[PDB]
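This document opens with one chain alone, in structure tokens, the form solved without this ligand.
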């Protein structure tokens, strides 16, 4: 019984995902987030383990839901006449990385190192669970401000991870690789690495490097803010024009700029607690 179990709260957002409301699970007064997805608007569908058909978004969330805190977790879900409703964790207090970056501008490297590190573990998690996010960016990342933990959200453009070429893509253009732009083809891992690179530039310069199609393909990176040489290196590396030339996840995490990561809590005390 959907509307017995939860107590609708304020619309928290509307965008390329749909309509998200704050909610309380009356059953234990747990802070949750209720999201509505219209059937008419879902272009990608998938089969539950049971195999019955849901929106891919749900398939992907089930697959990563256990047991990490790196990724937002799907509690439950329901079907309606024209919509599916998803019940997902709600951290509080929370802010998303974009809003965070807009308020506080470009970030200290020690902080960007922490976040960026945590994003890496959350993308590894998804890859490990057989899931490709396809829309990694500041908007799709929440900062739990007390714990200093980051959570990856919004699997609405995602896909089951595979080793072959993808030829569809409905994520955020500006974070998409040159080879998508030029050839409508890409591979999951390599494209994720690219997006991970735009994100890093974003963290450390307070804004994305490439705005237009031509600059993405040109692939040449200008820094508008004092950035460490080691960090500029990992960035230019992540954004190698040729996919095979890009760093794997291991290599990013074994990079000299990635060393000495703060722990999440530590990061909150040092940077998030005012």
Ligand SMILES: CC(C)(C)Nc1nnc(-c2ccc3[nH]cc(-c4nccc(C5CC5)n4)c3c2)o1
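Residue numbers count along the first chain shown, from 1.
If you look for the form deposited with this ligand bound, you will not find it shown, but the lines that follow are about it.
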Residue 94, heavy atom within 4.5 angstroms of this ligand in the deposited complex: yes
Heavy atom of residue 140 within 4.5 Å of this ligand in the deposited complex: yes
Does any part of residue 256 reach within 4.5 Å of this ligand in the deposited complex? Heavy atoms only, please. no
Any of the heavy atoms of residue 113 lying within 4.5 Å of this ligand in the deposited complex? no
Could you tell me which of 47-55, 31-39, 241-249, 225-233 sits within 4.5 Å of this ligand in the deposited complex, going by non-hydrogen atoms? 31-39
So this ligand isn't shown here. In the deposited complex, which residue out of 196, 153, 132, 85 has a non-hydrogen atom within 4.5 Å of it? 153
Of 119, 72, 126, 192, which one comes within 4.5 Å of this ligand in the deposited complex, counting heavy atoms only? 72
Non-hydrogen atom within 4.5 Å of this ligand in the deposited complex for each of 12, 15 and 20: yes
